[PDB]
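One chain comes next, on its own, written out as structure tokens in the form deposited in one PDB entry.
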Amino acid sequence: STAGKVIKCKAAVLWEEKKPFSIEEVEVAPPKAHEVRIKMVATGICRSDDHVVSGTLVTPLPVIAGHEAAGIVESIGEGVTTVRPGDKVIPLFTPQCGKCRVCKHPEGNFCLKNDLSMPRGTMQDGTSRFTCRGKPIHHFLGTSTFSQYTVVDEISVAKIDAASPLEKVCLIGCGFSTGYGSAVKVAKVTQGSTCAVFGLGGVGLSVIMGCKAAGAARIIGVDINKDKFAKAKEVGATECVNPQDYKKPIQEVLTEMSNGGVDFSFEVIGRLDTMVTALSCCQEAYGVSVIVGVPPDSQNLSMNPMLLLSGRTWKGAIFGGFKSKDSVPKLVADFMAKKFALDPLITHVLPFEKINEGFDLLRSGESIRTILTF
């Protein structure tokens, strides 16, 4: 029995940028008021976790990263009403406090209690529940899922179907929901439209799934790695193009292919140049372009505002625009009801102890999602 007690468990600690994770024992404090301690069952490797390693994303180190996961509630703090010990849960890297101006807005999801904008790497109360070799370790996005056990604020956890397969539905914690919502909710892709998707990783494939679900007639996948094209076509891409095969800039190729510009474009990579290319390739009068990728910290892009004056719309979103705690349980229910598939995103299933091997598969281009199992 662990409730009310410090847990000693295994976690993947990142002590400094550009080094492997260290798999070692940590101490996990019991949950305080309005906090939930979760035994992890499965976590995905998202490129955003790799951004912490590479320094593309700046967050306080040392840290327990991981934000795409599912597990089972081990214990609850005083005052928790929304989950109970034994419940299957997905941690929410975008919280839903329910009280801020964003949470009350019909179309906002980027709750003001988030730890993304200006990361502290703590619990809501400004402290950490993790120690390692006598040192305090930072949280990541209020989730920290690269651990056998984590502690999250109640506003950062959702209860899901007790019959959920956690090794699949962990992807609803980030990559599936982000891509699918970016198409269906943020862009609001229309029936019969032409879409261009830049980046055919886990998130870009989920964008394709959403564009197909919304009835797009043409879905053009764009990637510099042609090994990504077969799976993109399997989930709905009608064409794939590699910019490296062309003498012309790819915005010009895509404008020609679409007879004057695409209806909807998506940047799902994290590069400044592809964000401007993706905007430019949407039709100048009525096109919509959605930024999904995360680029290098503190870098500005350059663009000509005439691209917007003609009528284009440029937007971005976190987590597909979904209000996280309302949406995650519904997405799992929809998966259980066979409304979408997750298997196409899962290329590799490894034990947690092989986290570093899982990151190497991502960095080499081999994998889409590796699921780590505890």
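Quick note: we count residues from 1 along the sequence shown, nothing fancier. Heads up, when I say rigid core I mean the largest set of C-alphas that superpose within 1.5 Å between the two forms.
request  = Take the C-alpha B-factors listed in the entry for 307 to 315 and for 327 to 335, compute each mean, and give the stretch with the larger one.
outcome  = The stretch with the larger mean CA B-factor is 327 to 335.
message = Mean CA temperature factor from the deposited coordinates, higher in 176 to 184 or in 111 to 119?
response = The entry gives the higher C-alpha B-factor average to 111 to 119.
CA B-factor placement of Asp273, once the chain's modelled residues are sorted into thirds = According to the entry, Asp273 has a C-alpha B-factor in the chain's middle third.
query = Mind checking which third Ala69 falls in for C-alpha B-factor across the chain?
reply = Ranked within chain, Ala69 CA B lands in the lowest tercile.
inquiry  = For the chain shown, is the CA B-factor of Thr190 in the lowest, middle or highest third of its modelled residues?
reply    = Answer is lowest: the recorded C-alpha B-factor places it there.
request  = For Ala162, return the chain-relative third of its C-alpha B-factor as stated in the PDB record: lowest, middle or highest.
outcome  = As the PDB entry reports it, the C-alpha B-factor of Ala162 lands in the highest third of its chain.
ask   = With respect to C-alpha B-factor, does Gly44 fall in the lowest, middle or highest third of the chain as deposited?
value = Middle third.
One more form of this protein should be noted, the form deposited in another entry, which is absent from this view; the next part is about it.
message = Looking between the shown form and the other one after fitting on the rigid core, I'd like to know which of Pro85, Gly98, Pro165, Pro249 has a C-alpha displacement of 2 Å or more.
response = Single hit from the list, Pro249.
message = Quick check: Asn225 between the shown form and the other one - does its CA shift reach 2 Å or more after fitting the rigid core?
response = Yes, shifts by 2 Å or more.
Cα displacement of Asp297 between the shown form and the other one reaching 2 Å, rigid core superposed = Comparing forms between the shown form and the other one, the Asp297 CA shifts at least 2 Å.
Sense of the change in Cα distance from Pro296 to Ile318 in that other deposited form - at least 3 Å versus the shown form = Residues converge in that other deposited form, at least 3 Å closer.
query = Taking the shown form as reference, are the C-alpha positions of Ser298 and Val203 brought closer or pushed farther apart in that other deposited form, with a change of 3 Å or more?
reply = Closer is correct, given that in that other deposited form the C-alpha spacing of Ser298 to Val203 is reduced by at least 3 Å.
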